[PDB]
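Same protein, same chain, two forms; see structure 1 and structure 2 below, as structure tokens.
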Structure 1
């Protein structure tokens, strides 16, 4: 625990064995907000015994995320016991990650994204139908239930060329199982013990103990094999992975499960945050509709080219991701002793970039608390540092599905907003309050009321 002292870097005093984890009672976002304000440009703390160095300087951020990615800052914090999911790209290391990256990245080229628009359009139709049902009754909507089903429908069909039709089944197996893959929350004596005694991880790995429920991984393990069967019995993410067979049968499933979960969880999450922000700013919700109407007059179906035309939509999406970067923190492990922009960083340290905190630094963002889409306007855009604003990370190891998620959320949003308007109702949580999880999640689902437009 003497490390940060010895290095001259400040921070909260750790407890023996525990480190600074009891500070996690208010969530990672408040912890990082506090430290940033108290300690300044750079601070340090201990997740159990693991030193974590938070950095704030934009050029220093470019160094660990971009310049020295391959050389020293390549991998993320080790995570286990993880079992067969060690193959997964998001937790793969060094050259294994490198070749997994160059394999799967063509999945999301412009051109392949264009192909996905007519495929998503079908589910866009089922989306507007389900919400219309809720606009007729006047009943409240748990948005995570409808945008989730939509996210799940979109990512299965674009990646595996299979229509699991989640949007009509409220009790679809692909959504029940996939949502029960994270969940871990604060103070679970499992994850808590693993942060404090990470030397236990090997034993758990040896006893075949796993973070993910085997029930849930069995179903996902099965489902993907069935989907792989269909393609081999008559070019997307699936196809791209079959062709490499250098993927093992189990490595393929690992990658799939990443994309399935990322598809479902990430997309619907952000969508709920966007929807909330619009419903609580109808001034902004209307200005967006005006734009959607102008670029696509009388309910004209959206296209890849027309999405790129909607400047205000992109502003609104950007501004939500500023307040709600679901990853909260970027991180990368230091492979070897190094000096960067003047600062010594020892081997083994976790270097952490506090996205959430920096998106609210009064130094770069005037009135950081407020939802103001005008921040990202063409005339204002050039004062934003691209290393301060990092909803999708930066460099060779950024979010592989960035552009897909942006297009797909914009697609849903267009289909929704050209048809409906969203008003806050009874059950709606104002102000919004966030869970104490590993990804950014609201405590109690976002509930809004749905009105139809004109007549």
Structure 2
């Protein structure tokens, strides 16, 4: 039907099948498809997700025009992904003016001043992490990274978002833990979302039936859980609070006001954005450290230098360690878990000599651009020196976009980096991580819609 747009514009791309587009080319995942397309179609190419035209762009100037320059005018919203319900008020899903209102009311919550006030909290569960990690080391068994880092992320969110201070690895089946553990990422190549892509006309049907991609058990629990602590346990209390909920509650005190429904929407999305992301990235970081022990030692030397004798990490301490920042950044280059930055074109626009039709999804292949031979040397190699002070200025901010760019970039980039580094400091201060017999030395990525290892990463943990 609409599979004639990219031919009439002279834009190359794979030839679309009726009713399906190039969806069948996702048999090797999102990232492998963009890598191959980049090789055989050049700098700009197009494809169809069902009947949805998608234009991929790789020019840094064009990317900056979409993400930064023309963000408010045209490239304001992302691609709608499915039946959302009340979660349509989340900032990552909001569109047009409501997003601008929500971005304004939530930006002060992510101030670096607020992050510093949350450092003692997430450092508390860094200590909790090594205690439970020492148990897994004294057991002498290969440790699964997703489980220890998952529980650390659980502790961080439940404390920094609501204030429920609870250990998670040794205290499962807790009400908050059991439900928030169900807020798992969306595999957009699974049967449901693949069917949704082929039948986008069924999304209105699912919405009126009150069928939502977010599990209703988790959403209704958290809206009630917020309700019990929003007023029934907060107004009858004069203690100080530092969690995200309190900062959003205080926003309601004095655009417009955050609806109590809107507040629950943002609180859930911060959990959904922060739970498996940190865990996946931290797992990826420990993989590169173990397979390259030279950088693990140098990082352990730098950490022990700034913090002698396992000194408590602090906000100003973390910003000082630059080899830690190099390791984090280089992992995010190899594994940008978003895999893709997408914007929806609200009107006919010509940018950088290219005409973009209305309704086309403009996509930035972050995984492909991070491994392009044009801008990177030995792209498959883990070389943290790329982000050294001497060499970290040759990198274009629009070819390396792990947290996105422009006004719609990750609002929790500082929180994520501070949280992940704080774990890396405490964990490395007390343990050394080495490969196992069960460890996959040539780590293979999944073929689904998530940037995750094929088999779970397992490593050997020894106390220093």
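Just so we're on the same page, rigid core means the largest C-alpha set that superposes within 1.5 Å between forms. Residue numbers count along the first chain shown, from 1.
Superposing the rigid core between structures 1 and 2 leaves a single residue from 349, 224, 91, 279 with a C-alpha shift of at least 2 Å: 224. Once you line up the core between structures 1 and 2, the Cα of residue 173 ends up 2 Å or more from where it was. After superposition on the rigid core, the Cα atom of residue 132 is displaced by less than 2 Å between structures 1 and 2.
Relative to the superposed core, residue 77 undergoes a C-alpha shift smaller than 2 Å between structures 1 and 2.
Relative to the superposed rigid core, residue 187 shifts its CA by 5.6 Å between structures 1 and 2. With the core fitted, the CA of residue 200 sits 1.5 Å away from its counterpart between structures 1 and 2. With the core fitted, the CA of residue 52 sits 0.3 Å away from its counterpart between structures 1 and 2.
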